[PDB]
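Heads up, the thing below is written out as structure tokens.
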């Protein structure tokens with residue numbers, strides 16, 4: 135409402151594919167970002183795969 139602020143999803147999503155294109159990981163996750171509504175939620179999904187999480 136105040137602490138957050140959406141500036142562009144297209145940028146967040148477009149990066150999701152590119153990152154997947156530059157990295158090459160479980161696209162299933164990139165599909166999860168396609169529904170992402172928050173800019174952070176999208177950037178996190180892609181990066182989340184880059185780290186592959188840790189025991190979850």
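Numbering (my numbering), first residue to last: 135 to 190. Using N, Cα and C, we set each Cβ at its ideal position, and we do this for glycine too.
Secondary structure of residue i, DSSP reduced to three states
i	result
residue 173	helix
residue 191	Any property of residue 191 remains undetermined from this structure, which presents the chain solely from 135 to 190.
residue 146	helix
residue 139	coil
residue 157	helix
Burial state of residue i, where buried means 16 or more other Cβ atoms lie within 10 Å
i	result
residue 164	buried
Alpha carbon of residue i to alpha carbon of residue j, nearest angstrom
i	j	result
residue 139	residue 190	29 Å
residue 157	residue 142	22 Å
residue 181	residue 162	13 Å
Close beta carbons around residue i, own chain, < 7 Å, minus the five adjacent residues each side
i	result
residue 183	159, 160 and 163
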